[PDB]
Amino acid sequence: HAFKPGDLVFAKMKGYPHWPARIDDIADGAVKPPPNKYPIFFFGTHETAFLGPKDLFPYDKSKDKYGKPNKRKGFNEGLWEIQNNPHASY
């Protein structure tokens, strides 16, 4: 299974803990991601950034490892949104 819009993941950016997020559809006129990269929408903070699969972990199967709370800003809000309303627009 290649990643598709709507997929729920944890995403890793340098600097941050693995982060509740989802794969987004590309906006009509928006910048296209680099090769083998996706628009990742980060729950809680609502930022979007491009990432490849090496930093993308499926959410169901990785929650035990990554979905414990922490005081990084927006993180716990991000946990709430992925569990409760992951396909909302925010």
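Start at 1 and count along the sequence shown; that's the residue number. So that the term is clear: the rigid core is the largest set of C-alpha atoms that superpose within 1.5 Å between two forms.
Asks: Once everything is fitted on the core, do the CA positions of 42-50 or those of 24-32 lie farther from the shown form in 6 other deposited structures of this protein?
Replies: Looking at 42-50 versus 24-32 in 6 other deposited structures of this protein, the farther one turns out to be 24-32.
Asks: Superpose by the rigid core and compare 52-60 with 33-41; which one moves more, by C-alpha RMS, in 6 other deposited structures of this protein?
Replies: After superposing on the rigid core, the more displaced stretch in 6 other deposited structures of this protein is 33-41.
Asks: When the C-alpha temperature factors are averaged for each of 29-37 and 50-58, which stretch ends up with the higher value in the entry?
Replies: The stretch with the larger mean CA B-factor is 29-37.
Asks: Averaging C-alpha B-factors over each stretch, which comes out higher, 63-71 or 6-14?
Replies: Per the PDB entry, the higher value belongs to 63-71.
Asks: Sorting the chain's modelled residues by C-alpha B-factor, tell me whether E81 ends up in the lowest, middle or highest third.
Replies: Its C-alpha B-factor belongs to the lowest third of this chain's values.
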